[PDB]
Amino acid sequence: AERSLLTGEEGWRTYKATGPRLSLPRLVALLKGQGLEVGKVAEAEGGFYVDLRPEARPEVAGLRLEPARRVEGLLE
RNA sequence: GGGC
């Protein structure tokens, strides 16, 4: 009863990540460093969308994270 | 499906 906005797959919640010196590998490193499991990541004009577990409550210093309402500005 |  909870699906990724990037994939369709159940068990994910899509977040928008923004911040300075952002890049895919660094983003993935910061998250996994907090012991979070990381699903699909996709780059957008204003940052990255990243899938996380719905029960996870992610706090990562240096980044702003918020549940994505709409997915927009994907580089594709 | 990815480790500054």
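Numbers restart at 1 for each chain; the letters A, B, ... are given by sequence-line order, proteins then strands. These values consider heavy atoms only, across backbone and side chains, with no hydrogens, waters or symmetry-generated copies.
- The minimum heavy-atom distance between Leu27(A) and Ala17(A), with the atom names listed, is CD1-CB, 3.9 Å.
- When rounded to the nearest whole Å, the span between CG of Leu36(A) and P of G1(B) equals 20 Å.
- Side-chain atoms of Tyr49(A) come within 3.5 Å of backbone atoms of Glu72(A) as a donor-acceptor pair (strictly under, hydrogens ignored).
- For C4(B), the OP1/OP2 oxygens have no side-chain nitrogen or oxygen of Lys32(A) closer than 4.0 Å.
- A straight line from CG of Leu5(A) to P of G1(B) spans 20 Å, rounded to a whole angstrom.
- Checking side-chain atoms of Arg57(A) against main-chain N and O of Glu55(A) turns up a donor-acceptor pair under 3.5 Å.
- Both tests hold for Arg53(A) against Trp12(A): distance to the six-membered ring centre under 6.0 Å, angle to the ring axis within 45°.
- At the heavy-atom level, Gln34(A) lies nowhere under 4.0 Å from the strands shown.
- Across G1(B), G2(B), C4(B), the shortest atom-to-atom separation from the side chain of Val28(A) is found for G2(B).
- With rounding to whole Å, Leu63(A) atom CG is found 15 Å from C4(B) atom P.
- Here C4(B) presents its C1' atom at 12 Å from CZ of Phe48(A), a figure rounded to the nearest Å.
- Between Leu30(A) and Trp12(A), the one whose closest nucleotide on RNA chain B sits nearer the 5' end is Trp12(A).
- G1(B) atom P lies 14 Å from atom CG of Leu6(A), rounded to whole Å.
- In this structure, the CG atom of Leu22(A) is 14 Å from the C1' atom of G2(B), given to the nearest Å.
- Residue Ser23(A) is out of contact with every strand shown, counting any heavy-atom pair closer than 4.0 Å.
- Between the base of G1(B) and the side chain of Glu37(A) there is no donor-acceptor pair shorter than 3.5 Å.
- Residue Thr7(A) has its side chain nearest to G1(B) when only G1(B), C4(B), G2(B) are considered.
- In this structure, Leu75(A) places its CG atom 20 Å from P of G2(B), rounding to the nearest Å.
- Formation of a donor-acceptor pair under 3.5 Å by the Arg64(A) side chain with backbone atoms of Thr18(A) is not found in this model.
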